[PDB]
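Visitor:
There are 2 protein chains.
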Amino acid sequence: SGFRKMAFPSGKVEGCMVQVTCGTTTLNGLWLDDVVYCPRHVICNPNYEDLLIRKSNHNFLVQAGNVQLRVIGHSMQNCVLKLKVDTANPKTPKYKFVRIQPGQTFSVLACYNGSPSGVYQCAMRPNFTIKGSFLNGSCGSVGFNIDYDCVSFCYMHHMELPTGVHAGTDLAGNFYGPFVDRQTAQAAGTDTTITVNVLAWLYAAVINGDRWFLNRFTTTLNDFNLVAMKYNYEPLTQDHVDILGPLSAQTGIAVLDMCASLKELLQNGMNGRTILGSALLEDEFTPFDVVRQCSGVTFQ
Amino acid sequence: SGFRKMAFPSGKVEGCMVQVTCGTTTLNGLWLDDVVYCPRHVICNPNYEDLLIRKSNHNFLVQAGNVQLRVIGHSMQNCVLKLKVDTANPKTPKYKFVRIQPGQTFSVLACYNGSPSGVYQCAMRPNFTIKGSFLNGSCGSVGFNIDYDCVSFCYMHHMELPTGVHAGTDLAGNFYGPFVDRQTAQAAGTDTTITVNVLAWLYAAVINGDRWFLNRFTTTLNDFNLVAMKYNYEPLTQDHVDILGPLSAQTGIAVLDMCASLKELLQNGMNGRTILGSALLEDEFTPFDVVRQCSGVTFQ
Ligand SMILES: *[C@H](O)[C@H](C[C@@H]1CCNC1=O)NC(=O)[C@H](CC(C)(C)C)NC(=O)[C@@H](NC(=O)NC(C)(C)C)C(C)(C)C
Ligand SMILES: *[C@H](O)[C@H](C[C@@H]1CCNC1=O)NC(=O)[C@H](CC(C)(C)C)NC(=O)[C@@H](NC(=O)NC(C)(C)C)C(C)(C)C
């Protein structure tokens, strides 16, 4: 038992990290087969189309550790640059590029000068920022999930907002949210709490022995979403309810009954008490996360 | 900027995880050079001496993926079993075995059937338990730090205490704490909050732009330790003060001044406020963890 903010083992992704240097800029790239993916502002209101037409392959220095990777071609796809190199990465895992929905979680492998510094778990916030941990040089670090043997890359890091939160793209270079990779006024936008994730984490607490916050009540989905509005929370759909089905069957707690508990927690607070070691209602665990950690899924 | 509970990249350790099956017990081992390290209870008031002498090499089934390693010798060291295999692990990293002090943190690679399930950060609590996330089959998962190129293994997992927390050994088989690998009554014993770590985390908050908890007051090391006792905090030593020196110099906040801030947080609570996204005072970041993550150290 126990419950931790658990990242996926980072091994398959560490094997893909490289360093991309162009001009006075150095950042990270993701090397899959014979392509290196990296944020396009490595060539830096910019006009990346002109900026890139004026590049040559030899302007791009790519180290894979202590082995210079030679660029033989390049193209831009949205906000990422794809550098064709003359060597296929022999450590390339089985992989998939996926664009995730807000509320979904992923692991981030934070990197500098092409070498991993740390791994941690994040969520795509409803306002399409992530509350990451990134310093100068971290751009190009990626976010990912693992499904059995396959790495699903869902994020690459581009920039930090004035509020200290982070914005980036899918691996096809499309920003999550309204953000752009130019230095102009941009702000996150009002965030909300991910309701279905809070519910899942309350099921995790029950699976792990915490029951103090349960009650005999129930609510309707409509009356529950009515209190969720006030507390800044996302609407819970019948689809969310179906998704919480397995967790509700494992625990014997009807999904609407757990909603009644979350209502009482928003209305009354925790009164100096904790849940799974937190004094706040946690929303960066998805229903699938809870089942994975509480049932012991592995990856190969 | 930002601050997350960050684990070390797990790749180097993933390359060392194997499955060890003996009789009807299955768990993980750590394969380094031609030695597989695993908890000795895989051969189960037992008497592991008699129990081991009645074993043969062919009783131990060591799965390294879809490759069965062959045991050619076994030896017990304290509570760990060392299986000599006829194949050196080609993925063996540069490594050390270290036995850490309480208050030190480390990354845990949770595994089942030789296959890593997830990575998370832990502290050795002052009562020599860890608050981990472990299910049946997780024994033999390891904890570790990485220093430039070197993996320092500091923990191997053995058992769960009735309170939901975890006990294990160093890699030389010595338990942390008074615990033993015997099904007999054992309990964590009273824990305390790691004071030097809370202070480091407050410095982390300051580096990241939180200052709301600061004050103009100061305190003597004596008078600070006096309130810490009342709140079940560890005594802060002059050595702890020295250790917090670099964080104090970078932030301009004298160590005893940040102590006066912790005192007021202890006496007044946060009154609905948060620090680094937490409504509790966090003590699982060491002063080195803070400097590492706030200055961007990497590993190769
Ligand atoms: C790439 O390594 C770097 C990563 C950030 C550096 C500090 N923390 C980070 O996450 N990104 C980067 O340099 C950005 C480059 C562009 C995408 C803007 C071209 N620059 C920034 O993130 C900057 N923020 C910023 O200017 N924000 C607004 C005004 C909203 C565009 C800085 C964090 C100030 C460098
Ligand atoms: C090995 O995979 C396993 C890991 C635990 C299983 C669930 N969570 C865990 O961390 N350990 C294990 O099977 C232990 C075997 C001995 C070390 C006791 C020989 N058994 C336990 O951890 C058990 N706990 C227990 O009996 N604790 C006291 C009473 C303090 C000895 C169980 C968790 C009940 C299996």
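Order-wise, the sequence lines are chains A and B. Per PDB author numbering: the first sequence = residues 1 to 44, 51 to 306. Per PDB author numbering: the second sequence = residues 1 to 44, 51 to 306. Using N, Cα and C, we set each Cβ at its ideal position, and we do this for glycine too.
1) Which of helix, strand or coil does DSSP assign to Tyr182 of chain A?
2) Quick one: is residue 47 of chain A buried, meaning 16 or more other Cβ sit within 10 Å of its Cβ, or exposed?
3) If you draw a straight line from the alpha carbon of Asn28 of chain A to that of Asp187 of chain B, how long is it in whole angstroms?
4) For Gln189 of chain B, is the classification buried or exposed, using 16 other Cβ atoms within 10 angstroms of its Cβ as the cut-off for buried?
5) Which class does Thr292 of chain A belong to by DSSP, given the choice of helix, strand or coil?
6) Flag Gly251 of chain B as yes if its beta-carbon sits less than 8 angstroms from any beta-carbon of chain A, otherwise no.
7) Taking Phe3 of chain A as the reference, which of A:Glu290, A:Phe66, A:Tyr101 has the closest Cα?
8) Is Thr190 of chain B near ligand 2, judged by its Cβ being under 7 angstroms from some heavy atom?
9) Which partner residues does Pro252 of chain A have in the DSSP bridge list?
10) Who are the Cβ neighbours of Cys44 of chain A in its own chain at under 8 angstroms, not counting the five residues just before and after it?
11) Mind checking if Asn238 of chain B is an interface residue toward chain A, Cβ cutoff 8 angstroms exclusive?
12) Please confirm if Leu141 of chain B has its CB atom under 8 angstroms from at least one CB of chain A.
13) Output the distance between the C-alpha atoms of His64 of chain B and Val35 of chain B, rounded to the nearest integer angstrom.
14) Strictly below 7 angstroms CB to CB, what residues from chain A border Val303 of chain B?
15) So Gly143 of chain A and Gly302 of chain B are supposed to be a Cβ contact under 8 angstroms. How far apart are they, rounded?
16) Report the neighbours of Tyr154 of chain B on chain A: residues whose CB is nearer than 8 angstroms to its CB, in chain order.
17) Who are the Cβ neighbours of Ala266 of chain A in its own chain at under 8 angstroms, not counting the five residues just before and after it?
18) If distances are taken between C-alpha atoms only, which option among A:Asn53, A:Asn95, A:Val86, A:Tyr54 comes closest to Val73 of chain A?
19) What residue from A:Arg60, A:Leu89, A:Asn51, A:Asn53 has the CA that sits closest to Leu67 of chain A's CA?
20) Look at the Cβ atom of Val148 of chain A, then the Cβ atom of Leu30 of chain A, and state whether they are nearer than 8 angstroms.
21) Any heavy atom of ligand 1 within a distance shorter than 7 angstroms of the CB on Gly195 of chain A?
22) What's the gap between the Cα of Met165 of chain A and the Cα of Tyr118 of chain A?
23) Looking at the unbroken alpha helix (DSSP H) that takes in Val202 of chain B, where does it start and where does it end?
24) Does the region 113 to 128 of chain A come within contact of the region 7 to 27 of chain A, defined as at least 3 CB pairs closer than 8 angstroms?
25) Kindly provide the ranges of any alpha helix (DSSP H) runs that are 4 or more residues long and lie completely inside the region 233 to 282 of chain B, ordered along the chain.
26) Rounded to whole angstroms, what's the CA-CA distance from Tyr161 of chain B to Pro184 of chain A? Just pull it up for me.
27) For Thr257 of chain A, tell me which candidate among A:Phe294, A:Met235, A:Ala211, A:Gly179 has the shortest Cα-Cα distance.
28) Report the neighbours of residue 333 of chain B on chain A: residues whose CB is nearer than 8 angstroms to its CB, in chain order.
29) In whole angstroms, give me the CA-to-CA distance for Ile213 of chain A and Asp197 of chain B.
30) Tell me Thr111 of chain B's beta-bridge partners as DSSP assigns them.
31) Pick out whichever of B:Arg298, B:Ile59, B:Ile106, B:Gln69 has its Cα sitting closest to the Cα of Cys16 of chain B.
32) Quick one: grab the DSSP three-state call for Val86 of chain A.
33) Quick check on residue 48 of chain A: does DSSP put it in helix, strand or coil?
34) Tell me, to the nearest whole angstrom, how far the beta carbon of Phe181 of chain A is from that of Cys85 of chain A; I am working on the premise that it is less than 8 angstroms.
35) For the region 82 to 97 of chain B, which residues have a CB atom closer than 8 angstroms to at least one CB atom of chain A, in sequence order?
Guide: A quick look at the data gives this:
1) Within the first sequence, residue 182 of chain A is the residue found at index 176, counting from 1. In this structure, DSSP gives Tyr182 of chain A a state outside helix and strand, which the three-state scheme calls coil.
2) In the model shown, chain A runs from 44 to 51 with nothing in between, leaving residue 47 of chain A without coordinates.
3) Indexing the first sequence from 1 puts residue 28 of chain A at position 28. Indexing the second sequence from 1 puts residue 187 of chain B at position 181. C-alpha separation (whole angstroms): 45 angstroms.
4) Walking along the second sequence from the start, residue 189 of chain B turns up at place 183. So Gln189 of chain B ends up on the exposed side.
5) Here the question's residue 292 of chain A lines up with position 286 in the first sequence. Taken through DSSP and simplified to helix, strand or coil, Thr292 of chain A comes out as coil.
6) Along the second sequence, read from residue 1 onward, the residue named residue 251 of chain B stands at position 245. Not an interface residue.
7) Residue numbering aside, residue 3 of chain A sits at position 3 when the first sequence is read from its first letter. Ranked by how close their Cα comes to the Cα of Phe3 of chain A, the residues A:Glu290, A:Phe66, A:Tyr101 have A:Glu290 in first place.
8) Numbered from its first residue, the second sequence carries residue 190 of chain B at position 184. Yes, Cβ of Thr190 of chain B sits closer than 7 angstroms to a heavy atom of ligand 2.
9) Here residue 252 of chain A corresponds to residue number 246 of the first sequence, with the count starting at 1. Bridge partners of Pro252 of chain A: none, in fact.
10) Residue mapping note: residue 44 of chain A aligns to position 44 of the first sequence, counting from 1. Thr25, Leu57.
11) Sequence index remark: in the second sequence, residue 238 of chain B carries index 232 (1-based). The C-beta of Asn238 of chain B comes no closer than 8 angstroms to any C-beta of chain A.
12) The residue you call residue 141 of chain B lines up with position 135 of the second sequence. It does: the Cβ of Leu141 of chain B has a partner Cβ on chain A nearer than 8 angstroms.
13) Against the second sequence, residue 64 of chain B aligns to sequence position 58. Against the second sequence, residue 35 of chain B aligns to sequence position 35. Using only the alpha carbons, I get a separation of about 16 angstroms.
14) Your numbering for residue 303 of chain B matches position 297 in the second sequence. Around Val303 of chain B, the beta-carbon contacts reaching into chain A at under 7 angstroms are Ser123.
15) The residue given as residue 143 of chain A occupies position 137 in the first sequence. The residue given as residue 302 of chain B occupies position 296 in the second sequence. Right, the Cβ-Cβ distance comes to about 7 angstroms (below 8 angstroms), so this counts as a contact.
16) One-based indexing of the second sequence puts residue 154 of chain B at position 148. Near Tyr154 of chain B there are no residues of chain A at all, since even the closest Cβ is about 10 angstroms away, more than 8 angstroms.
17) Your numbering for residue 266 of chain A matches position 260 in the first sequence. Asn221, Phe223, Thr224, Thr225, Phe230, listed in sequence order.
18) The sequence position of residue 73 of chain A within the first sequence is 67, counting from 1. The residue with the shortest Cα to Cα distance from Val73 of chain A is A:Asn95.
19) As a working note, residue 67 of chain A is residue 61 in the first sequence. The closest CA to that of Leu67 of chain A, considering only A:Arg60, A:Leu89, A:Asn51, A:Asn53, is found on A:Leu89.
20) Here residue 148 of chain A refers to the residue found at position 142 of the first sequence. Here residue 30 of chain A refers to the residue found at position 30 of the first sequence. Yes, they are a contact pair.
21) If you number the first sequence from 1, residue 195 of chain A lands on position 189. Incorrect: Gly195 of chain A has no Cβ contact closer than 7 angstroms to ligand 1.
22) Taking the first residue of the first sequence as 1, we reach residue 165 of chain A at position 159. Taking the first residue of the first sequence as 1, we reach residue 118 of chain A at position 112. Distance between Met165 of chain A and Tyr118 of chain A, taken at the CA atoms: about 14 angstroms.
23) The residue labelled residue 202 of chain B in the question sits at position 196 within the second sequence. Boundaries of the alpha helix (DSSP H) harbouring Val202 of chain B: 201 to 213, taken from the DSSP string.
24) The region 113 to 128 of chain A is in contact with the region 7 to 27 of chain A.
25) The qualifying runs are 244 to 249, 251 to 257, 261 to 274.
26) The residue you call residue 161 of chain B lines up with position 155 of the second sequence. The residue you call residue 184 of chain A lines up with position 178 of the first sequence. Rounded to whole angstroms, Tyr161 of chain B to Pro184 of chain A spans 45 angstroms at the Cα level.
27) Taking the first sequence and counting its residues from 1, the one referred to as residue 257 of chain A is at position 251. Of the listed residues, the one whose Cα sits closest to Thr257 of chain A is A:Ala211.
28) What the structure shows of chain B is the stretch from 1 to 306, and residue 333 of chain B is not part of that stretch, so it cannot be assessed.
29) Sequence index remark: in the first sequence, residue 213 of chain A carries index 207 (1-based). Sequence index remark: in the second sequence, residue 197 of chain B carries index 191 (1-based). Rounded to the nearest angstrom, the two C-alpha atoms are 24 angstroms apart.
30) Taking the first residue of the second sequence as position 1, residue 111 of chain B is located at position 105. DSSP lists B:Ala129 as partners of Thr111 of chain B.
31) Here residue 16 of chain B is taken as the residue at index 16 of the second sequence, counted from 1. Minimum Cα distance to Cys16 of chain B is reached at B:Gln69.
32) Here residue 86 of chain A refers to the residue found at position 80 when the first sequence is read from its first residue. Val86 of chain A: strand per DSSP, three-state reduction.
33) Coordinates for residue 48 of chain A are simply not present: the residues of chain A run from 44 and resume at 51.
34) If you number the first sequence from 1, residue 181 of chain A lands on position 175. If you number the first sequence from 1, residue 85 of chain A lands on position 79. The C-beta separation of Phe181 of chain A from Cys85 of chain A comes to about 6 angstroms, placing the pair in contact by the 8 angstroms criterion.
35) The residues in question: there are none.
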